[PDB]
file entry02.txt (compact mmCIF, C-alpha atoms)
# COMPACT_ATOMS: atom_id res chain seq x y z
CA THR A 1 -7.45 36.67 -58.45
CA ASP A 2 -7.24 40.47 -58.77
CA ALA A 3 -9.33 43.16 -57.03
CA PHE A 4 -10.02 42.10 -53.39
CA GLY A 5 -9.78 45.63 -52.03
CA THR A 6 -11.89 48.03 -49.98
CA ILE A 7 -12.55 51.58 -51.20
CA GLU A 8 -14.14 54.37 -49.16
CA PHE A 9 -16.31 56.80 -51.15
CA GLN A 10 -15.09 60.00 -49.51
CA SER A 11 -17.01 58.58 -46.20
CA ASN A 12 -19.11 55.39 -46.09
CA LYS A 13 -16.23 52.93 -45.83
CA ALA A 14 -17.01 49.61 -47.48
CA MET A 15 -15.40 46.40 -48.71
CA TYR A 16 -15.31 45.38 -52.36
CA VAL A 17 -14.58 42.06 -54.07
CA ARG A 18 -14.57 41.51 -57.84
CA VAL A 19 -15.80 37.92 -57.94
CA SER A 20 -16.22 36.05 -61.21
CA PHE A 21 -19.49 35.00 -62.83
CA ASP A 22 -19.16 31.55 -61.25
CA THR A 23 -19.24 31.72 -57.45
CA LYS A 24 -19.01 29.24 -54.59
CA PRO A 25 -21.59 29.72 -51.80
CA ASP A 26 -19.06 28.60 -49.18
CA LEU A 27 -16.51 31.19 -50.29
CA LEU A 28 -18.98 34.09 -50.15
CA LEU A 29 -20.42 32.89 -46.83
CA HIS A 30 -16.96 32.68 -45.27
CA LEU A 31 -15.96 36.08 -46.67
CA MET A 32 -19.08 37.80 -45.34
CA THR A 33 -19.27 36.04 -41.97
CA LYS A 34 -15.53 35.84 -41.22
CA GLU A 35 -13.45 37.94 -43.63
CA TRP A 36 -15.85 40.89 -43.39
CA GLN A 37 -16.73 40.17 -39.73
CA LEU A 38 -20.40 40.53 -40.66
CA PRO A 39 -28.97 37.84 -40.13
CA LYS A 40 -32.23 36.19 -39.06
CA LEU A 41 -34.02 37.58 -42.14
CA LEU A 42 -32.82 38.14 -45.71
CA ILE A 43 -34.11 40.70 -48.23
CA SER A 44 -33.18 41.23 -51.88
CA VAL A 45 -34.48 43.93 -54.25
CA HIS A 46 -34.72 43.67 -58.04
CA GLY A 47 -35.01 46.95 -59.93
CA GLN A 48 -41.25 58.49 -48.49
CA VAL A 49 -43.17 55.31 -47.68
CA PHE A 50 -40.69 53.20 -49.65
CA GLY A 51 -37.72 54.58 -47.73
CA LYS A 52 -39.47 54.57 -44.36
CA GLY A 53 -40.71 50.99 -44.68
CA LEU A 54 -37.37 49.51 -45.72
CA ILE A 55 -35.41 51.48 -43.11
CA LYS A 56 -37.72 50.37 -40.30
CA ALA A 57 -37.81 46.75 -41.50
CA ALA A 58 -34.03 46.52 -41.93
CA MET A 59 -33.28 48.19 -38.59
CA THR A 60 -35.72 46.02 -36.63
CA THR A 61 -34.89 42.79 -38.45
CA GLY A 62 -31.19 43.61 -38.85
CA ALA A 63 -31.31 41.91 -42.24
CA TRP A 64 -28.86 42.25 -45.11
CA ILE A 65 -30.28 43.99 -48.19
CA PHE A 66 -29.30 42.84 -51.69
CA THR A 67 -29.56 45.66 -54.23
CA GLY A 68 -27.91 46.61 -57.49
CA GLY A 69 -24.42 47.98 -56.97
CA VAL A 70 -24.73 50.37 -59.91
CA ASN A 71 -25.97 53.77 -58.76
CA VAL A 72 -34.02 52.21 -58.71
CA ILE A 73 -30.72 51.76 -56.86
CA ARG A 74 -30.31 55.52 -56.46
CA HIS A 75 -33.72 55.75 -54.78
CA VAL A 76 -32.71 53.12 -52.21
CA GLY A 77 -29.39 54.86 -51.57
CA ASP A 78 -31.19 58.14 -50.92
CA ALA A 79 -33.49 56.40 -48.44
CA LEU A 80 -30.50 54.92 -46.62
CA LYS A 81 -28.92 58.38 -46.30
CA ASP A 82 -32.13 59.52 -44.58
CA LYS A 83 -25.65 50.72 -39.53
CA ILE A 84 -27.64 48.49 -41.87
CA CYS A 85 -25.28 46.04 -43.60
CA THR A 86 -26.67 46.30 -47.11
CA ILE A 87 -24.95 44.28 -49.85
CA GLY A 88 -24.48 45.68 -53.36
CA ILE A 89 -24.17 43.39 -56.38
CA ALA A 90 -23.20 44.69 -59.82
CA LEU A 91 -20.70 51.26 -56.99
CA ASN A 92 -23.10 53.13 -54.72
CA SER A 93 -21.45 54.84 -51.75
CA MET A 94 -24.19 53.82 -49.31
CA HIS A 95 -23.89 50.07 -49.90
CA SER A 96 -21.28 48.06 -48.01
CA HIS A 97 -19.51 44.75 -48.63
CA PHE A 98 -19.57 45.14 -52.40
CA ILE A 99 -19.53 41.98 -54.53
CA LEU A 100 -18.91 42.19 -58.28
CA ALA A 101 -19.27 39.82 -61.22
CA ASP A 102 -16.75 39.31 -64.02
CA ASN A 103 -18.49 39.42 -67.40
CA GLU A 104 -23.41 36.47 -61.84
CA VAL A 105 -27.16 36.07 -61.38
CA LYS A 106 -26.93 32.28 -61.21
CA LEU A 107 -24.05 32.38 -58.72
CA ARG A 108 -25.86 35.00 -56.64
CA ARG A 109 -29.02 32.87 -56.52
CA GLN A 110 -27.02 29.76 -55.60
CA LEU A 111 -25.31 31.66 -52.78
CA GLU A 112 -28.66 32.98 -51.53
CA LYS A 113 -30.16 29.48 -51.59
CA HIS A 114 -27.17 28.09 -49.69
CA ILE A 115 -27.44 30.86 -47.09
CA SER A 116 -31.18 30.26 -46.68
CA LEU A 117 -30.54 26.53 -46.24
CA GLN A 118 -28.55 27.34 -43.10
CA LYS A 119 -30.64 27.64 -39.94
CA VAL A 120 -33.49 32.50 -42.54
CA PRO A 121 -36.63 33.42 -44.51
CA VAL A 122 -35.92 35.28 -47.75
CA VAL A 123 -38.37 37.83 -49.19
CA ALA A 124 -37.76 39.85 -52.36
CA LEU A 125 -39.51 43.17 -53.02
CA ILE A 126 -39.70 44.47 -56.59
CA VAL A 127 -40.47 48.01 -57.78
CA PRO A 128 -39.95 42.61 -69.20
CA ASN A 129 -37.30 40.54 -67.42
CA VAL A 130 -38.81 41.66 -64.10
CA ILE A 131 -41.78 39.33 -64.58
CA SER A 132 -39.41 36.58 -65.72
CA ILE A 133 -37.38 36.77 -62.51
CA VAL A 134 -40.59 37.08 -60.48
CA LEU A 135 -41.95 33.83 -61.90
CA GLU A 136 -38.56 32.11 -61.61
CA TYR A 137 -38.35 32.97 -57.91
CA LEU A 138 -41.99 32.07 -57.24
CA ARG A 139 -41.86 28.68 -58.99
CA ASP A 140 -38.30 27.37 -58.62
CA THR A 141 -37.93 28.66 -55.05
CA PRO A 142 -40.81 27.51 -52.79
CA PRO A 143 -40.27 30.55 -50.54
CA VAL A 144 -40.84 33.82 -52.41
CA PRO A 145 -43.34 36.19 -50.72
CA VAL A 146 -42.79 38.75 -53.48
CA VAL A 147 -44.81 41.95 -53.03
CA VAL A 148 -45.61 44.32 -55.88
CA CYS A 149 -45.11 48.06 -55.46
CA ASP A 150 -47.09 51.08 -56.61
CA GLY A 151 -44.29 51.93 -59.04
CA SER A 152 -45.39 51.71 -62.66
CA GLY A 153 -43.80 49.43 -65.25
CA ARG A 154 -43.34 45.68 -64.96
CA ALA A 155 -44.52 45.78 -61.34
CA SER A 156 -47.72 47.61 -62.33
CA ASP A 157 -48.49 45.09 -65.07
CA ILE A 158 -47.81 42.15 -62.75
CA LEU A 159 -50.05 43.62 -60.05
CA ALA A 160 -52.84 44.30 -62.54
CA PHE A 161 -52.64 40.75 -63.90
CA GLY A 162 -52.63 39.24 -60.41
CA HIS A 163 -55.55 41.32 -59.15
CA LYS A 164 -57.82 40.21 -62.00
CA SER A 165 -61.13 40.52 -72.95
CA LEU A 166 -58.97 41.39 -69.94
CA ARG A 167 -56.09 39.29 -71.28
CA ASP A 168 -56.36 41.01 -74.67
CA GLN A 169 -56.35 44.43 -73.00
CA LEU A 170 -53.28 43.51 -70.96
CA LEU A 171 -51.49 42.23 -74.07
CA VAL A 172 -52.33 45.44 -75.95
CA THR A 173 -51.07 47.54 -73.04
CA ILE A 174 -47.85 45.51 -73.03
CA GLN A 175 -47.10 46.58 -76.61
CA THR A 176 -46.28 37.37 -80.53
CA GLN A 177 -44.17 38.44 -77.56
CA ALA A 178 -47.26 39.11 -75.45
CA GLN A 179 -48.73 35.69 -76.29
CA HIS A 180 -45.47 33.94 -75.38
CA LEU A 181 -45.11 35.98 -72.18
CA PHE A 182 -48.65 35.17 -71.01
CA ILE A 183 -47.59 31.55 -70.40
CA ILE A 184 -45.97 32.64 -67.14
CA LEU A 185 -48.94 34.86 -66.29
CA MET A 186 -51.14 31.76 -66.52
CA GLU A 187 -49.21 30.23 -63.62
CA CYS A 188 -49.47 33.50 -61.68
CA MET A 189 -53.14 32.84 -60.93
CA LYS A 190 -52.22 29.43 -59.51
CA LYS A 191 -49.41 31.07 -57.52
CA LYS A 192 -51.78 33.73 -56.15
CA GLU A 193 -52.16 34.03 -52.36
CA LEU A 194 -48.42 33.21 -52.03
CA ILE A 195 -47.02 36.54 -53.28
CA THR A 196 -49.21 39.36 -51.96
CA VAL A 197 -49.23 42.72 -53.72
CA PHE A 198 -48.46 45.70 -51.49
CA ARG A 199 -51.31 48.19 -51.15
CA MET A 200 -51.19 51.93 -50.53
CA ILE A 201 -44.28 48.87 -45.34
CA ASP A 202 -42.39 47.27 -42.46
CA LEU A 203 -45.62 45.90 -40.99
CA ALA A 204 -46.73 44.75 -44.44
CA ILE A 205 -43.35 43.11 -45.06
CA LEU A 206 -43.53 41.31 -41.71
CA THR A 207 -47.07 40.11 -42.45
CA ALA A 208 -46.00 38.86 -45.88
CA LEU A 209 -43.04 37.00 -44.37
CA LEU A 210 -45.29 35.43 -41.73
CA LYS A 211 -47.78 34.34 -44.40
CA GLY A 212 -44.96 32.86 -46.47
CA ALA A 213 -43.64 30.93 -43.48
CA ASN A 214 -47.08 29.40 -42.87
CA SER A 215 -48.90 26.32 -36.52
CA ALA A 216 -48.61 28.88 -33.74
CA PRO A 217 -45.36 27.47 -32.24
CA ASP A 218 -43.48 27.57 -35.55
CA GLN A 219 -44.43 31.17 -36.34
CA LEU A 220 -43.90 32.31 -32.74
CA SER A 221 -40.40 30.82 -32.58
CA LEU A 222 -39.34 33.00 -35.51
CA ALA A 223 -41.31 35.98 -34.17
CA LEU A 224 -39.38 35.88 -30.89
CA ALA A 225 -36.15 36.27 -32.88
CA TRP A 226 -37.47 39.57 -34.27
CA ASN A 227 -38.86 41.07 -31.02
CA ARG A 228 -42.15 42.28 -32.51
CA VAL A 229 -44.63 41.13 -29.87
CA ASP A 230 -46.74 44.29 -30.11
CA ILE A 231 -47.33 43.78 -33.84
CA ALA A 232 -47.06 39.98 -33.97
CA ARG A 233 -49.76 39.53 -31.31
CA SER A 234 -52.61 40.09 -33.78
CA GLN A 235 -51.35 37.56 -36.34
CA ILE A 236 -49.44 34.87 -34.43
CA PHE A 237 -52.20 34.40 -31.82
CA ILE A 238 -55.77 34.51 -33.16
CA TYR A 239 -59.05 32.88 -32.21
CA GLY A 240 -59.33 29.33 -33.52
CA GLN A 241 -55.60 28.55 -33.49
CA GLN A 242 -54.20 25.07 -32.86
CA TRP A 243 -51.88 25.61 -29.88
CA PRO A 244 -50.18 22.19 -29.76
CA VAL A 245 -49.71 20.88 -26.23
CA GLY A 246 -46.13 21.18 -24.96
CA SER A 247 -44.82 23.73 -27.47
CA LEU A 248 -46.11 26.53 -25.25
CA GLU A 249 -43.80 25.46 -22.41
CA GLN A 250 -40.77 25.46 -24.70
CA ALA A 251 -41.70 28.88 -26.09
CA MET A 252 -42.16 30.23 -22.56
CA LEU A 253 -38.76 28.90 -21.50
CA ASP A 254 -37.07 30.37 -24.58
CA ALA A 255 -38.69 33.76 -23.97
CA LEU A 256 -37.75 33.67 -20.28
CA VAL A 257 -34.10 32.94 -21.12
CA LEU A 258 -33.97 36.25 -23.00
CA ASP A 259 -35.21 39.65 -21.81
CA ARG A 260 -38.61 39.91 -23.52
CA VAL A 261 -41.10 41.23 -20.96
CA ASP A 262 -43.79 41.86 -23.58
CA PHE A 263 -43.76 38.27 -24.82
CA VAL A 264 -43.91 36.86 -21.29
CA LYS A 265 -46.85 39.14 -20.52
CA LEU A 266 -48.60 38.06 -23.72
CA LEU A 267 -48.07 34.38 -22.88
CA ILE A 268 -49.43 34.96 -19.37
CA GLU A 269 -52.49 36.60 -20.92
CA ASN A 270 -52.81 33.53 -23.16
CA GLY A 271 -53.06 31.39 -20.02
CA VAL A 272 -49.51 30.34 -19.14
CA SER A 273 -49.92 28.77 -15.69
CA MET A 274 -46.86 29.46 -13.53
CA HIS A 275 -48.21 27.13 -10.84
CA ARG A 276 -47.53 24.18 -13.15
CA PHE A 277 -44.88 25.95 -15.25
CA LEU A 278 -42.47 26.09 -12.31
CA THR A 279 -40.07 23.14 -12.43
CA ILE A 280 -36.88 22.20 -10.61
CA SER A 281 -35.12 21.05 -13.78
CA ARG A 282 -36.19 24.14 -15.72
CA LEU A 283 -34.95 26.43 -12.94
CA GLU A 284 -31.63 24.59 -12.76
CA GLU A 285 -31.17 24.83 -16.54
CA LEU A 286 -32.09 28.52 -16.48
CA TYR A 287 -29.48 29.17 -13.79
CA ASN A 288 -26.91 27.16 -15.75
CA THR A 289 -27.28 29.08 -19.02
CA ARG A 290 -24.90 32.01 -19.52
CA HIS A 291 -26.51 33.40 -22.69
CA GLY A 292 -27.91 36.92 -22.79
CA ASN A 293 -24.16 37.86 -15.01
CA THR A 294 -21.58 38.12 -12.23
CA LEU A 295 -23.10 35.20 -10.29
CA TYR A 296 -20.45 32.91 -11.78
CA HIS A 297 -17.75 35.00 -10.11
CA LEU A 298 -19.77 34.92 -6.89
CA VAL A 299 -19.94 31.15 -7.40
CA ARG A 300 -16.14 31.11 -7.29
CA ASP A 301 -16.41 32.94 -3.96
CA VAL A 302 -19.15 30.54 -2.83
CA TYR A 303 -19.87 22.90 -14.05
CA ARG A 304 -23.59 22.48 -13.49
CA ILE A 305 -25.31 24.92 -11.12
CA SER A 306 -27.63 23.47 -8.47
CA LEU A 307 -30.17 25.05 -6.14
CA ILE A 308 -27.94 24.22 -3.16
CA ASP A 309 -25.12 26.49 -4.36
CA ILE A 310 -27.58 29.29 -5.12
CA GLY A 311 -29.00 28.99 -1.62
CA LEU A 312 -25.51 28.99 -0.11
CA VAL A 313 -24.47 32.15 -1.96
CA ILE A 314 -27.79 33.83 -1.12
CA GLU A 315 -27.30 33.04 2.56
CA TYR A 316 -23.76 34.43 2.39
CA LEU A 317 -25.00 37.62 0.72
CA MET A 318 -27.79 38.13 3.27
CA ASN A 319 -41.88 19.12 -7.21
CA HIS A 320 -43.51 22.46 -8.07
CA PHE A 321 -42.75 25.63 -6.13
CA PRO A 322 -45.88 26.74 -4.21
CA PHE A 323 -44.82 30.40 -4.67
CA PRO A 324 -42.48 30.42 -7.68
CA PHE A 325 -42.53 34.22 -7.95
CA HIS A 326 -40.06 34.49 -5.05
CA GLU A 327 -37.53 32.36 -6.94
CA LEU A 328 -38.23 34.19 -10.20
CA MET A 329 -37.69 37.63 -8.68
CA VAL A 330 -34.56 36.65 -6.73
CA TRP A 331 -33.10 35.17 -9.92
CA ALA A 332 -34.02 38.24 -11.97
CA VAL A 333 -32.44 40.66 -9.49
CA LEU A 334 -29.39 38.41 -9.09
CA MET A 335 -28.90 38.45 -12.88
CA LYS A 336 -28.83 42.29 -12.86
CA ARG A 337 -32.04 42.68 -14.88
CA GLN A 338 -34.07 45.86 -14.38
CA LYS A 339 -37.39 44.97 -16.08
CA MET A 340 -38.35 41.34 -15.42
CA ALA A 341 -37.69 41.65 -11.69
CA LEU A 342 -40.02 44.65 -11.42
CA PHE A 343 -42.75 42.75 -13.28
CA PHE A 344 -42.40 39.74 -10.98
CA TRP A 345 -42.55 42.09 -7.99
CA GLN A 346 -45.76 43.57 -9.39
CA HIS A 347 -47.42 40.19 -9.93
CA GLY A 348 -46.40 38.49 -6.70
CA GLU A 349 -48.08 39.09 -3.36
CA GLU A 350 -46.41 40.30 -0.16
CA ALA A 351 -44.59 43.03 -2.06
CA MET A 352 -43.11 44.78 0.99
CA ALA A 353 -40.83 41.94 2.07
CA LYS A 354 -39.76 41.18 -1.50
CA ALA A 355 -38.95 44.84 -2.14
CA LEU A 356 -36.92 45.11 1.06
CA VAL A 357 -35.01 41.91 0.27
CA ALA A 358 -34.25 43.16 -3.25
CA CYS A 359 -33.11 46.52 -1.88
CA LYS A 360 -30.74 44.81 0.55
CA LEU A 361 -29.43 42.42 -2.11
CA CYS A 362 -28.77 45.19 -4.65
CA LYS A 363 -26.32 47.08 -2.43
CA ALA A 364 -24.21 43.99 -1.72
CA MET A 365 -24.42 42.76 -5.32
CA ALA A 366 -22.15 45.56 -6.54
CA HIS A 367 -19.79 45.07 -3.58
CA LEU A 368 -26.53 49.72 -7.62
CA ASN A 369 -27.55 53.05 -6.12
CA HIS A 370 -30.32 53.60 -8.67
CA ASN A 371 -31.81 50.11 -8.28
CA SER A 372 -31.45 50.18 -4.50
CA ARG A 373 -33.13 53.59 -4.30
CA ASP A 374 -35.98 52.38 -6.53
CA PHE A 375 -36.67 49.29 -4.41
CA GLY A 376 -36.42 51.30 -1.20
CA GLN A 377 -38.75 54.04 -2.41
CA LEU A 378 -41.28 51.51 -3.72
CA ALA A 379 -41.54 49.97 -0.25
CA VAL A 380 -41.89 53.40 1.37
CA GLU A 381 -44.65 54.40 -1.05
CA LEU A 382 -46.46 51.11 -0.46
CA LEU A 383 -46.40 51.58 3.32
CA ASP A 384 -47.43 55.24 3.05
CA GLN A 385 -50.51 54.36 0.99
CA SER A 386 -51.38 51.56 3.41
CA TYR A 387 -50.82 53.96 6.32
CA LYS A 388 -53.35 56.37 4.82
CA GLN A 389 -55.93 53.64 4.19
CA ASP A 390 -55.74 52.15 7.69
call {"tool": "encode", "arguments": {"input": "entry02.txt", "output": "structure tokens"}}
result
Amino acid sequence: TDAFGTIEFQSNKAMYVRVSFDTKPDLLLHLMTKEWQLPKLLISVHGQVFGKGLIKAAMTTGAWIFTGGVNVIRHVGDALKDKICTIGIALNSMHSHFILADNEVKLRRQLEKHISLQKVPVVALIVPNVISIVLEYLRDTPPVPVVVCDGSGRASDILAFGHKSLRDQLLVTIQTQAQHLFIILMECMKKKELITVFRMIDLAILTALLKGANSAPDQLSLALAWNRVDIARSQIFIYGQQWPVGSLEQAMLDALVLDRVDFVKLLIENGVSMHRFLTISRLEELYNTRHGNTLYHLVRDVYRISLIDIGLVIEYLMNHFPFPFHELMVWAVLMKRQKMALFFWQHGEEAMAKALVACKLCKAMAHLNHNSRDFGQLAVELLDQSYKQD
């Protein structure tokens, strides 16, 4: 036992546990997820652009960062100072949820492997033993999109060896030890194109993770979890892709469940046909789901949700759909969304009636002013422009 206490470096409040060298992945997972009340992506570091890249990547991905607890660690801490749930393993003030080892590495790696096994790509960035751990991660662990950094030292030597007489020059620069160490470097050439050296970071890190993942549907499913359509468009969707039949419908449904206007627009540009996409079962399931609405309460005023109940409640408030955009927009406004409904209004025809219906529905939905005013003004502007034209 012993330890098991949280200390605030006054503040940067954080939790600390002095675990032993041997660790149980289940114990650490329970402590972090439940005891600490604490991601889709995982990052671990062995040690302006450096700070900016990590901060942007961590904030967007919302991924835990594994770094040395002992104050290269200082450089990372300074970058953080410039609510990411970083994890420190070793007492830096910036890091949170401290975990210690009683003397470690083996237990940490086992815990990371167990966490990754649960339905979470893991990428390690690195700035003598450095090359050893690099090769261990690359070989033993199939996933290891390790990226070298401009920082000199072991990283510089590894990058120089990977990029490319030459072996003799590298061995001389290293200074029997060099000859023994080159055994791993021999496998580095075979492992090339799996760990890509960074070049002079969030975009680069995302690209490296996507390359490591290695099938448009598979990559796009993980991309949706990160909400990086603007950047992921170039890589996920490229000319000459496979595009398996049927996966596109599932991806479209998953995107539509959540509020990702950019991804829906990108899929429409790809050729997502709403004429055939519209489905009674899909609409019923979409209404049923509560993930991501007061309609349920309205339902009580009006278990699986059917179109009949929706029609009944709509009337009170007031097998492919030929004009699905009406249903899409009424659903979007009924769910209290402020972006998808406007997009559906833009795409669909007969905008005046739809805008007026939405304006009427908004006022009674609360029983609001901003949305009702927007819909009302949009209709007025549309008529005014049409009045000028003819």
call {"tool": "residues_around", "arguments": {"input": "entry02.txt", "residues": "region 302-318 of chain A", "least_positions_apart": "3", "cutoff": "7 Å", "atoms": "all atoms listed in the file", "output": "VMD selection string"}}
result
chain A and resid 284 287 to 288 298 to 299 364
call {"tool": "closest_residue", "arguments": {"input": "entry02.txt", "among": "A:17, A:158, A:261, A:73", "to": "residue 186 (chain A)", "atoms": "only C-alpha atoms"}}
result
A:158
call {"tool": "closest_residue", "arguments": {"input": "entry02.txt", "among": "A:217, A:145, A:39, A:162", "to": "residue 242 (chain A)", "atoms": "all atoms listed in the file"}}
result
A:217
call {"tool": "atom_distance", "arguments": {"input": "entry02.txt", "atom1": "CA of residue 326 (chain A)", "atom2": "CA of residue 229 (chain A)"}}
result
26.1 Å
call {"tool": "residues_around", "arguments": {"input": "entry02.txt", "residues": "region 29-32 of chain A", "least_positions_apart": "2", "cutoff": "10 Å", "atoms": "only C-alpha atoms", "output": "list in words"}}
result
residues 15, 17, 24, 25, 26, 27, 34, 35, 36, 37, 38, 87, 97, 111, 112, 114 and 115 of chain A
call {"tool": "write_last_selection", "arguments": {"input": "entry02.txt", "atoms": "C-alpha atoms", "output": "PDB file, in the coordinates of the input"}}
result
ATOM      1  CA  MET A  15     -15.400  46.400 -48.710  1.00  0.00           C
ATOM      2  CA  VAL A  17     -14.580  42.060 -54.070  1.00  0.00           C
ATOM      3  CA  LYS A  24     -19.010  29.240 -54.590  1.00  0.00           C
ATOM      4  CA  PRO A  25     -21.590  29.720 -51.800  1.00  0.00           C
ATOM      5  CA  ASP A  26     -19.060  28.600 -49.180  1.00  0.00           C
ATOM      6  CA  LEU A  27     -16.510  31.190 -50.290  1.00  0.00           C
ATOM      7  CA  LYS A  34     -15.530  35.840 -41.220  1.00  0.00           C
ATOM      8  CA  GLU A  35     -13.450  37.940 -43.630  1.00  0.00           C
ATOM      9  CA  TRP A  36     -15.850  40.890 -43.390  1.00  0.00           C
ATOM     10  CA  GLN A  37     -16.730  40.170 -39.730  1.00  0.00           C
ATOM     11  CA  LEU A  38     -20.400  40.530 -40.660  1.00  0.00           C
ATOM     12  CA  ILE A  87     -24.950  44.280 -49.850  1.00  0.00           C
ATOM     13  CA  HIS A  97     -19.510  44.750 -48.630  1.00  0.00           C
ATOM     14  CA  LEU A 111     -25.310  31.660 -52.780  1.00  0.00           C
ATOM     15  CA  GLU A 112     -28.660  32.980 -51.530  1.00  0.00           C
ATOM     16  CA  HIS A 114     -27.170  28.090 -49.690  1.00  0.00           C
ATOM     17  CA  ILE A 115     -27.440  30.860 -47.090  1.00  0.00           C
TER      18      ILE A 115
END
call {"tool": "atom_distance", "arguments": {"input": "entry02.txt", "atom1": "CA of residue 214 (chain A)", "atom2": "CA of residue 193 (chain A)"}}
result
11.7 Å
call {"tool": "residues_around", "arguments": {"input": "entry02.txt", "residues": "residue 244 (chain A)", "least_positions_apart": "6", "cutoff": "12 Å", "atoms": "all atoms listed in the file", "output": "JSON, numbers by chain"}}
result
{"A": [215, 216, 217, 218, 250, 251]}
call {"tool": "atom_distance", "arguments": {"input": "entry02.txt", "atom1": "CA of residue 1 (chain A)", "atom2": "CA of residue 116 (chain A)"}}
result
27.3 Å
call {"tool": "residues_around", "arguments": {"input": "entry02.txt", "residues": "region 20-22 of chain A", "least_positions_apart": "2", "cutoff": "6 Å", "atoms": "all atoms listed in the file", "output": "ChimeraX atom specification"}}
result
/A:101-102,104,107
call {"tool": "residues_around", "arguments": {"input": "entry02.txt", "residues": "residue 81 (chain A)", "least_positions_apart": "6", "cutoff": "12 Å", "atoms": "only C-alpha atoms", "output": "list in words"}}
result
residues 11, 12, 51, 52, 55, 74, 75, 92, 93, 94 and 95 of chain A
call {"tool": "closest_atom_pairs", "arguments": {"input": "entry02.txt", "of": "region 201-281 of chain A", "to": "region 121-137 of chain A", "cutoff": "10 Å", "atoms": "all atoms listed in the file", "output": "JSON lines"}}
result
{"residue": "A:205", "atom": "CA", "partner": "A:123", "partner_atom": "CA", "distance": 8.4}
{"residue": "A:206", "atom": "CA", "partner": "A:123", "partner_atom": "CA", "distance": 9.7}
{"residue": "A:208", "atom": "CA", "partner": "A:123", "partner_atom": "CA", "distance": 8.4}
{"residue": "A:209", "atom": "CA", "partner": "A:123", "partner_atom": "CA", "distance": 6.8}
{"residue": "A:210", "atom": "CA", "partner": "A:121", "partner_atom": "CA", "distance": 9.3}
{"residue": "A:212", "atom": "CA", "partner": "A:121", "partner_atom": "CA", "distance": 8.6}
{"residue": "A:213", "atom": "CA", "partner": "A:121", "partner_atom": "CA", "distance": 7.5}
{"residue": "A:222", "atom": "CA", "partner": "A:121", "partner_atom": "CA", "distance": 9.4}
call {"tool": "write_last_selection", "arguments": {"input": "entry02.txt", "atoms": "C-alpha atoms", "output": "short mmCIF file (atom, residue, chain, number, x, y, z; two decimals), in the coordinates of the input"}}
result
data_model
loop_
_atom_site.label_atom_id
_atom_site.label_comp_id
_atom_site.auth_asym_id
_atom_site.auth_seq_id
_atom_site.Cartn_x
_atom_site.Cartn_y
_atom_site.Cartn_z
CA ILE A 205 -43.35 43.11 -45.06
CA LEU A 206 -43.53 41.31 -41.71
CA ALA A 208 -46.00 38.86 -45.88
CA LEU A 209 -43.04 37.00 -44.37
CA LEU A 210 -45.29 35.43 -41.73
CA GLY A 212 -44.96 32.86 -46.47
CA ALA A 213 -43.64 30.93 -43.48
CA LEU A 222 -39.34 33.00 -35.51
#
call {"tool": "axis_aligned_box", "arguments": {"input": "entry02.txt", "around": "region 13-26 of chain A", "padding_each_side": "6 Å", "output": "JSON"}}
result
{"center_x": -18.1, "center_y": 40.8, "center_z": -54.3, "size_x": 19.0, "size_y": 36.3, "size_z": 29.0}
call {"tool": "closest_residue", "arguments": {"input": "entry02.txt", "among": "A:189, A:19, A:340, A:335", "to": "residue 265 (chain A)", "atoms": "all atoms listed in the file"}}
result
A:340
call {"tool": "closest_residue", "arguments": {"input": "entry02.txt", "among": "A:371, A:235, A:227, A:281", "to": "residue 61 (chain A)", "atoms": "only C-alpha atoms"}}
result
A:227
call {"tool": "decode", "arguments": {"input": "entry02.txt", "residues": "region 225-233 of chain A", "atoms": "N, CA and C atoms", "output": "short mmCIF file (atom, residue, chain, number, x, y, z; two decimals), in the first residue's frame"}}
result
data_model
loop_
_atom_site.label_atom_id
_atom_site.label_comp_id
_atom_site.auth_asym_id
_atom_site.auth_seq_id
_atom_site.Cartn_x
_atom_site.Cartn_y
_atom_site.Cartn_z
N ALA A 225 -14.51 10.27 -35.55
CA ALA A 225 -14.36 10.42 -34.11
C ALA A 225 -13.48 11.61 -33.74
N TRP A 226 -12.64 12.09 -34.66
CA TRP A 226 -11.74 13.20 -34.39
C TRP A 226 -12.28 14.54 -34.87
N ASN A 227 -13.25 14.54 -35.79
CA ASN A 227 -13.83 15.78 -36.31
C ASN A 227 -12.77 16.64 -36.99
N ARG A 228 -12.15 16.06 -38.01
CA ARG A 228 -11.11 16.72 -38.81
C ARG A 228 -11.42 16.57 -40.29
N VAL A 229 -12.66 16.88 -40.67
CA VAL A 229 -13.07 16.72 -42.06
C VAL A 229 -12.23 17.61 -42.98
N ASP A 230 -12.01 18.86 -42.57
CA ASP A 230 -11.29 19.80 -43.43
C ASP A 230 -9.91 19.28 -43.79
N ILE A 231 -9.20 18.69 -42.83
CA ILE A 231 -7.87 18.17 -43.08
C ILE A 231 -7.92 16.74 -43.60
N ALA A 232 -8.83 15.92 -43.08
CA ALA A 232 -8.91 14.52 -43.47
C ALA A 232 -9.47 14.32 -44.88
N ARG A 233 -10.03 15.36 -45.49
CA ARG A 233 -10.61 15.20 -46.83
C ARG A 233 -9.54 14.81 -47.84
#
